[PDB]
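Reviewing the structure listed below.
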Amino acid sequence: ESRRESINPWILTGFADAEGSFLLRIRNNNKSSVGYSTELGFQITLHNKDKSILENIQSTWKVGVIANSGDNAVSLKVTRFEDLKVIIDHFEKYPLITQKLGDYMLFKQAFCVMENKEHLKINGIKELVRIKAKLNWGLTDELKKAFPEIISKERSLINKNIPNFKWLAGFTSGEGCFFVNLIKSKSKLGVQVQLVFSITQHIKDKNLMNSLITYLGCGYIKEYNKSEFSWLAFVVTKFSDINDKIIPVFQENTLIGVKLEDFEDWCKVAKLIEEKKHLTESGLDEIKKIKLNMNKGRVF
DNA sequence: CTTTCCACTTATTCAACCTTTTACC
DNA sequence: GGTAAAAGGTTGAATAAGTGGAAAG
Ligand SMILES: [Ca+2]
Ligand SMILES: [Ca+2]
Ligand SMILES: [Ca+2]
C-alpha cells in the first residue's frame, strides 16, 4: 500500500541476495489426502526500524503480507501461490548472483511441482522432499525419517558476476557498513579519523567477494573466524579510494533503509577530511558527534 | 482438504565495533 | 615523527531460516 516511489528492480535483487530467503514447508497434516501439506514462498525479515523497506517492496511487487517477528523485527512473506509468479518473473529477469541463486532455482522447481498440483499426491511430495534436501538447511529430522532414500549431498558452487552498481547498492544496503574509526594516535589531536567501508559475507561466496576489488578498483579481503564459523569482509581504508570510488557509487545509486542515513553521515565526515578539517579541533568535535549519532549510536 | 495468514522461535552470519602495528614520506 | 593505512582481531544481534496454530470455504 506504500505510495513511496517503487524500488529499482536491480536494487531489489541485490537486497534479496543479502537479506531474502526462500521457503518450502512440507508439513505433517492428517487432514491432507497425502498426509502432508505444503507452503512455498519468499521472505525477508528486518529490524522494525526498516519496516518501510518491506512496505516499499510490498508496493513495488504488489504482493506479500507484513507481520511482526517478535517485538523488534518484522517480516514480508510471499506465499500466496499465484503471487509467486511475480517473484519468479522478477528473479528470471533480474537474477540473483550469490549462492542464494541455487535456493531460487530449487524454489522454482518446487513451484513447477505445485503448479501441476503434483504435491497433492505422494510422488509430488517425494519430489518436493528431494528439492528441499538441497534448499537452505535441508531436511528436518522428521522428513529424514519418513524419506530415508533421499541422500543429503552438497550443492555445486554458483559463480556469477556483479551485474551493475544498482545490484551493488541493494546488496550494500543489506550487508554494508559505513564506519568512522577513531584511532588513539601519537598525533597532535591524539585521535586519527579513519573511514572504513566494508561488505561482510560467509566464505561460501569468496569468489564474489574477491571480485569486488576489481569491480570497484580498490580494497582488500579480510578473513574472520569465530567458533565453528568463517566469513570474509571486503574492506576499504584508503581515503582517496573511499572519496573517489566508493562515495560516488552510492551517491549515484541510492541506498535504501536507515543505512542511507548512515552513509550520508559518513559522507559528511569524508567532506571534512577532504577539507583537512579532521585535523582541527572543531572538525574533530563534529566528527565525534557524528560517530555518536550513526550506526549503533543512532536512536530508535 | 488445501491454502493462506498471523503469531511466534532460533542459530549464526552478519555489521559494527575496538586497539595496535606498520607504511609512508 | 606524525599522519594514513592496514592488521588483528571481538561480539551481540539483525538477520535468514524456520515452526505452531487455525480461519476459511
Ligand atoms: Ca546475507
Ligand atoms: Ca542488514
Ligand atoms: Ca545524522
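In what follows, every heavy atom counts, from backbone to side chain, and hydrogens, waters and symmetry copies are set aside. Order of the sequence lines fixes the chain letters, A, B, ..., with proteins taken first and strands second; residue numbering starts at 1 for each chain.
For an aromatic pair to be called close, the ring centres must be under 6.0 Å apart, and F107(A) with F91(A) fails this.
Scanning both residues, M209(A) and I221(A), for their nearest heavy atoms gives O-CD1, 3.8 Å.
Contacts between residues 257-272 of chain A and DNA chain B, defined by a heavy-atom separation under 4.0 Å, are made by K259(A).
Scanning atom types as modelled, no donor and acceptor separated by under 3.5 angstrom connect the side chain of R27(A) and the base of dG18(C).
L101(A) has its CG atom 17 Å from the P atom of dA16(C), to the nearest Å. If you measure from atom CZ of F107(A) to atom P of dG18(C), you get 14 Å, rounded to the nearest angstrom.
Note on ring orientation: taking the six-membered ring where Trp is involved, the planes of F171(A) and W167(A) are parallel (angle under 30°, cut-offs 30° and 60°). Between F81(A) and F111(A), the two ring planes are parallel [angle under 30°; tilted spans 30° to 60°]. Using cut-offs of 30° and 60° on the angle between ring planes, the pair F250(A) and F197(A) is tilted.
Sugar pucker at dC18(B): north, on the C3'-endo side, as the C1'-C2'-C3'-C4' dihedral is above zero.
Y36(A) has its side chain within reach of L143(A): a pair of non-hydrogen atoms, C-beta onward, lies under 4.5 Å apart.
Taking side-chain N and O atoms only, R80(A) has a distance below 4.0 Å to OP1 or OP2 of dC5(B). In this structure, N295(A) reaches the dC17(B) phosphate: one of its side-chain N or O atoms is under 4.0 Å from OP1 or OP2. At least one side-chain nitrogen or oxygen of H119(A) sits closer than 4.0 Å to the OP1 or OP2 atom of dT3(B).
Distance alone, capped at 3.5 Å, places no donor-acceptor pair between the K245(A) side chain and the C218(A) backbone.
Position along DNA chain C of the nearest nucleotide to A73(A) versus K132(A) favours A73(A) as the more 5'-ward residue.
The environment of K291(A) atom NZ is dense: over 12 non-hydrogen atoms of other residues, nucleotides or ligands sit within 6.0 angstrom. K62(A) NZ: more than 12 foreign heavy atoms inside a 6.0 Å radius.
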Indicate for each nucleotide in nucleotides 1-9 of chain C, in 5' to 3' sequence, whether protein heavy atoms under 4.0 Å reach the base (B), only the sugar-phosphate (S), or nothing (-). -SBBBBBBB
Where protein sits on nucleotides 6-13 of chain B, one letter per nucleotide: B base, S sugar-phosphate only, - none, heavy atoms under 4.0 Å: SBBB--SB
